[PDB]
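Shown here is one chain on its own, the form deposited in one PDB entry, set out as structure tokens.
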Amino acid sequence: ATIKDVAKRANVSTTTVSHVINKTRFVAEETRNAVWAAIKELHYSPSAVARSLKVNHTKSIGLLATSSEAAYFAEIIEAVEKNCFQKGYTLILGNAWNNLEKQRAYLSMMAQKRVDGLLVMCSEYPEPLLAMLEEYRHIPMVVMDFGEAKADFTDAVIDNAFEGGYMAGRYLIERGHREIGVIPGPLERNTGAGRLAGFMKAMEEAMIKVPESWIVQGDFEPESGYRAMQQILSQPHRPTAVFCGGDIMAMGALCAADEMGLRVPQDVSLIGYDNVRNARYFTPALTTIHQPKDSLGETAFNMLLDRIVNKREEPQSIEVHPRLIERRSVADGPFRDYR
């Protein structure tokens, strides 16, 4: 169970055992064999803890997420894991739930577990967080959900959420719409505010005013979707189309209309944002802006690995791009032909 024990059966030095276990130097066949034999009977499993102590790296990665259930989230993480595996890494998944303490806790356990690098996905970034995060500038780390490039000590990957909001708005416009509504994700977030402003910009350009009774805040959870949509058509004058800050919340919105007996999109058009795996199977097939979730994983990993192996020190940042998916939840507005 210990290298020595193997070395004994082998009738060889522990150095030899190491060497053949790692092809780190030439070893006589006859020798290599004996070691293996030993390694087999003794049913040895080289301790990575041992190794990690000497070589100075755990070959493990720590992802400090916000939540692992939410479809959006769930998708990215499964990608990141894909990468770790294929590249030799081990993933340590941690969810802070946007809890400062919880954050500082997980952050600390990881430093102690000595992770080669950190993948951050905290959603909101108040200074107090930006602070502890700094405190760990030593661990190589890339944040995947910043709007811009918040800190100067980590890599970023920008989703261009705004350009997505803008994309969503345009469509709606070029479809015949002028009385639109919007349910955005928590403003304390990129995917919240960012997607929204991108949208409010196409609006300004269109010369469209979004009456505030038509703007109800969500939290990326189907219920809020439900409750907001409810609050939008629960009014005397209601929009003809609505842009939903995220698909799960969209799904929330879809329900309420059905329960209010409104037809989507015959009565109301809905445009979501995320394009999660189940979206097409929404009823009706949800039209939405698709965020490259996979490349967001791989691209994050990749930058980290860089800093890791090539011991990079300067902070990078890489952009990705959302692309409009067209489905069946949007219908022509009152102004299509008048364009």
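Position 1 is the first residue in the sequence shown; the rest follow in order. Take the two forms, superpose them, and find the largest set of C-alpha atoms that agree within 1.5 Å; that set is the rigid core.
- Here the stretch with the larger average CA B-factor, out of 221 to 229 and 140 to 148, is 140 to 148.
- The question of which stretch, 267 to 275 or 52 to 60, has the higher mean Cα B factor is settled in favour of 52 to 60.
- Residue set 70, 286, 289, 38: peak C-alpha B-factor at 38 (per PDB entry).
- Sorting 203, 131, 118, 92 by the CA temperature factor given in the entry leaves 131 at the top.
- In the PDB entry, residue 123 places in the middle third of its chain by CA B-factor.
- Ranked within its chain, residue 252 lands in the middle third, by CA B factor from the PDB record.
- When all modelled residues of the chain are sorted by CA temperature factor, residue 14 is found within the middle third.
- Compared with the other modelled residues of the chain, the Cα B-factor recorded for residue 246 ranks in the lowest third.
- Sort the modelled residues of the chain by CA B factor and residue 312 lands in the highest third.
Only in words, not in the display: the form deposited in another entry, which the text now covers.
- Rigid-core fit between the shown form and the other one: of 217, 234, 213, 99, the one residue whose Cα shifts 2 angstroms or more is 99.
- With the core superposed, residue 163 shows a C-alpha displacement below 2 Å between the shown form and the other one.
- The two forms, fitted on the rigid core, differ between the shown form and the other one by 2 Å or more at the CA of residue 81.
- Relative to the superposed rigid core, residue 307 undergoes a CA displacement of at least 2 Å between the shown form and the other one.
- CA of residue 126 to CA of residue 154: closer by 3 Å or more in the other entry than in the shown form.
- Distance between the C-alpha atoms of residue 71 and residue 216: shorter in the other entry than here (change of 3 Å or more).
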